[PDB]
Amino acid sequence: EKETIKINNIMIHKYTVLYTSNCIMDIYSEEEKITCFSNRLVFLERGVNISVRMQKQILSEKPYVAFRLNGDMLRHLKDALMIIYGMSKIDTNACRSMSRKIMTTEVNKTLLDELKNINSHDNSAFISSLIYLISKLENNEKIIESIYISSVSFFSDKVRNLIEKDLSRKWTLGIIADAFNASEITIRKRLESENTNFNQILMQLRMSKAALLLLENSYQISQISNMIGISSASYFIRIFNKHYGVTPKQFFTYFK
């Protein structure tokens, strides 16, 4: 009688738009809380780390519908949104708040129709539809801010881009210190000003790739483990359970 699940330590690596087709989910980012009811839209700003508690309505269907944007697209939308609207200058990368990174609204019939006939194959049509949707929302300022913030490239993003070219290699701080011509102290203090370290980034990348590949339903567990750079399958199951809080079979069964 488990139509509920708790998941820990999820990263949003792409600006994400979510629609609750059938679930109710509470979100604990750090030490706050935002709950999302049945029929709503959610805007998730790129680079937040959050934990979730979900309850489904119907078991024979999946909990939600998701739209994600890559970097080219995100930049385009930022550009055209700059042209159509104004330009703000809270450009100081200082104070954050969870309530400026997560947002929910109540979906209408007219928004729902356009949401229906969205097919993420025609790129320009997709950009048009998102701008149309944003225009119909009240207090949309908070969204445009979050779309600009997530368009700038930090040093951690360069480290990530470097790592993604060979995920099954065995990286160390010394090797990263070679590609960027600097010292280990320089690189570790640079990543320390953004409140992270090298092991954290490597772990988040590998567990993101694994969670995504599990849902394709076209590779054994050993194939996934060899793809992300891990010796044995049983070791991989231990680490997945310790990071996310559930087993790969439970994850797959819930989200199908």
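Residue indices: 1-based, along the sequence shown.
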query: Stretch with the greater mean C-alpha B-factor as recorded in the entry, comparing 115-123 against 74-82; finding: 115-123
query: 104-112 versus 84-92 - greater average Cα B-factor per the deposited record; finding: 84-92
query: Criterion, highest CA B-factor; candidates, 29, 204, 197, 226; finding: 29
query: Ranked against its chain, the third holding the CA B-factor of residue 54; finding: lowest
query: Among modelled residues of the same chain, the CA temperature factor third for residue 161; finding: lowest
query: Assigned third (lowest, middle, highest) for the C-alpha B factor of residue 236; finding: middle
query: CA B-factor ranking of residue 208, expressed as a third of its chain; finding: lowest
query: Assigned third (lowest, middle, highest) for the C-alpha B factor of residue 60; finding: highest
